[PDB]
Structures are given as structure tokens and as C-alpha cells.
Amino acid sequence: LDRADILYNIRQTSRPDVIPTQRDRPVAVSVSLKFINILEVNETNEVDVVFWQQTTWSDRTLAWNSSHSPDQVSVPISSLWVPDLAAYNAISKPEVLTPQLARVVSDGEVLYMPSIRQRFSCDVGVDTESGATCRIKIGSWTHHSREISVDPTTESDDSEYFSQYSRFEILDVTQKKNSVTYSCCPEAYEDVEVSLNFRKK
């Protein structure tokens, strides 16, 4: 098959509005934030950050036999189911800086890594040695734990992607998994809490 055929078949079988759960198991979604910059810190306790949101999951409906065929293609996200991830504590809509294409592997793995600019409420100590910490909580907006699980990947240089020209420097980036039940809603919602410890240079 050529790329055209694969892309054509993906549009025929892919259901962008249908979570690809397989045997009533959750779709396992992994999330990892790579920080590129910290801009417009405000004393209002708000910060503006740029980060690559590495997101992966599997959708076996998209798989194809890679005999001759490519092993991977780039596909517009409007042709795929994508997890309805939100930063629960964001105070602005995520602004996607990059082309909205995901990578689909022949086995049905999907890799989506947008560059995102977003504003958060967090505690700005920023001029001290130990610095400030910004907590970003990411999970499914509408899918509880039997439908979507959310996990960090295992870490490698938190500062690798970080602008050397920023006024700030990264002290450390940590991940915690959480599973939360609110009184609004009888099921548990998974999130990943990412802690960005940073300070002014």
C-alpha cells in the first residue's frame, strides 16, 4: 500500500468521535510535557508556558499490514479519535503552535505532540534559590478511569528543549499520577500532575 491508500483507509475506518475501547478496557493514554519556555510571569499568580505535550495511545482500528507499505504516516487529527485531555487548572484555552498532525504507526500506535502555549494559576519565591513551582494537572475531561487511564512516561534532561534565552531556568520537573473522585460525579478521573520548579536567573 502507498501513503494515499493508508490515509484513505484510515478515513474509512476511523471514528473521530468514538473512543477506541476494545474489550471494555480503558484506552491507556500516556502524557509527557517538555518545557520550551516560561514567559510573562506575573507577581496575579499567573504564568504563561510553552510546552510540547507528548501524547500516545493505541487505536487498533487504524492498523495495517506494513508489507511493502510505510511503517508510519502523518495524519490530520480531525481524522482521528484524540483523547479529550485538558489542563484542569488552566486559565486560558490551549493555543496550538504547530501543524495539527499526528503520527500513526502500522500497529495502531498514535503519537500526537503539539507545541502548546497556555496560562496557569500558580505560586510565583521565583527570585529565590529554591524558586517557584507551577503545577499542571492533565487528564480526560469526560472519560473516567474505566474509559481512559492517564500515565506519565518514565524520564531524561528536563532542560533539553528549554530556551537558553529565557529569563528563567528549570530547577526540576516531576510527575505524580492522581485518581480523583468529585461529589459531582460517581466515578474516578485520572490525571497526571506535572510540577515545574523554576526560578529567575
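Numbering starts at 1 and follows the sequence shown. In this text, the rigid core denotes the largest set of C-alpha atoms whose superposition between the two forms falls within 1.5 Å.
Line up the rigid core: which moves more in 7 other deposited structures of this protein, 175-183 or 12-20, by C-alpha RMS?
After the core superposition, the stretch with higher RMS deviation in 7 other deposited structures of this protein is 175-183.
Would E169 be found without coordinates in at least a third of the other compared entries?
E169: modelled in every other compared entry.
Does at least a third of the other compared PDB entries (those resolving both flanking residues) leave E43 without coordinates?
Modelled in all the others, so no.
Between neighbours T44 and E43, residues that the deposited sequence lists but the model omits:
Gap between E43 and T44: 1 to 3 unmodelled residues.
Chain break class for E155 to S156, judged by how many deposited residues have no coordinates:
Just 1 to 3 residues are missing between them.
Segment of higher mean CA temperature factor, 127-135 or 97-105
Comparing averages over the C-alpha atoms only gives 127-135.
Of the two stretches 32-40 and 65-73, which shows the higher Cα B-factor on average in the entry?
Mean C-alpha B-factor is greater for 65-73.
Looking at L111, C122, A90, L80, which one carries the largest C-alpha B-factor according to the PDB entry?
That would be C122.
Return the residue from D59, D151, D172, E147 that has the highest Cα B-factor in the entry.
Each of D59, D151, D172, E147 was compared by C-alpha B-factor; the highest is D172.
If you rank every modelled residue in this chain by C-alpha B factor, which third holds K176: lowest, middle or highest?
It belongs to the middle third of the chain when residues are ordered by C-alpha B-factor.
Considering every modelled residue of the chain and its Cα B-factor in the PDB entry, is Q53 in the lowest, middle or highest third?
Ranked within chain, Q53 CA B lands in the lowest tercile.
Using the temperature factors of the C-alpha atoms in this entry, rank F162 within its chain: lowest, middle or highest third.
Middle third, going by the recorded CA B-factors of the chain.
Looking at the C-alpha B-factor of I10, is it in the lowest, middle or highest third of its chain?
It belongs to the middle third of the chain when residues are ordered by C-alpha B-factor.
Within this chain's modelled residues, let me know which third the CA B factor of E193 belongs to: lowest, middle or highest.
Its C-alpha B-factor, which the entry lists for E193, ranks in the middle third among residues of this chain.
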